[PDB]
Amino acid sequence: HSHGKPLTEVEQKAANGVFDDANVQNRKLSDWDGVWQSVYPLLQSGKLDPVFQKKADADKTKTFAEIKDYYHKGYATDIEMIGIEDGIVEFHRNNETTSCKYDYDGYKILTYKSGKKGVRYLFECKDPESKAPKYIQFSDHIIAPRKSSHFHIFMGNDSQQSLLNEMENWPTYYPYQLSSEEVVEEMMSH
């Protein structure tokens, strides 16, 4: 070190933050079906350090430590695991789990300060008996139907716009079955 059909040119550009708004498409929650591990505990045990070292050695300005701090802020979350199936997202803290059958509310295209772009896929929990986040957004470098390989998820109870504003913290999830070594390889290979 690819996980289904290779990417087309539009898809590859899209993954690199280059795309036309007209090529963005709606997605179903099932693109994120599966069980997923938070990568934060891997950061916190030093097991992602090889990733930060490769990134440092390839950037002229940033040190290993600056890069590691960037991902520390980015990955931080107490949601250790996320399960998605049958329209339901389940959030695991410790031995506490919450869940909701989320309603899709479309997407939002963002342009970052760098000029690169990304798409958030928006969902809302309207179950009054749920203790899960009212608003969630998926971001995973994909702009049209395709099974996700890993994702960044924004979670909150205030508004969708509050989450659209969040640029520094993006809890990150890889397939649960991967070993720490396999997560590291994935991070170095895409």
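Numbering starts at 1 and follows the sequence shown.
On mean Cα temperature factor in this entry, is 138 to 146 or 160 to 168 the higher one?
It is 160 to 168 that shows the higher mean C-alpha B-factor.
Look over 62 to 70 and 34 to 42 in the entry and identify the one with the greater average Cα temperature factor.
Mean B over CA atoms: larger for 62 to 70.
Looking at the C-alpha B-factor of residue 47, is it in the lowest, middle or highest third of its chain?
Ranked within chain, residue 47 CA B lands in the lowest tercile.
Determine, from the deposited record, the chain-internal third of the Cα B-factor for residue 54: lowest, middle or highest.
It falls in the top third of the chain.
Among the modelled residues of its chain, does the C-alpha B-factor of residue 127 lie in the lowest, middle or highest third?
Ranked within chain, residue 127 CA B lands in the middle tercile.
Comparing residue 23 with the other modelled residues of its chain, is its CA B-factor in the lowest, middle or highest third?
It falls in the middle third of the chain.
When the deposited Cα B-factors of this chain's modelled residues are ordered and cut into thirds, is residue 115 in the lowest, the middle or the highest one?
Answer is highest: the recorded C-alpha B-factor places it there.
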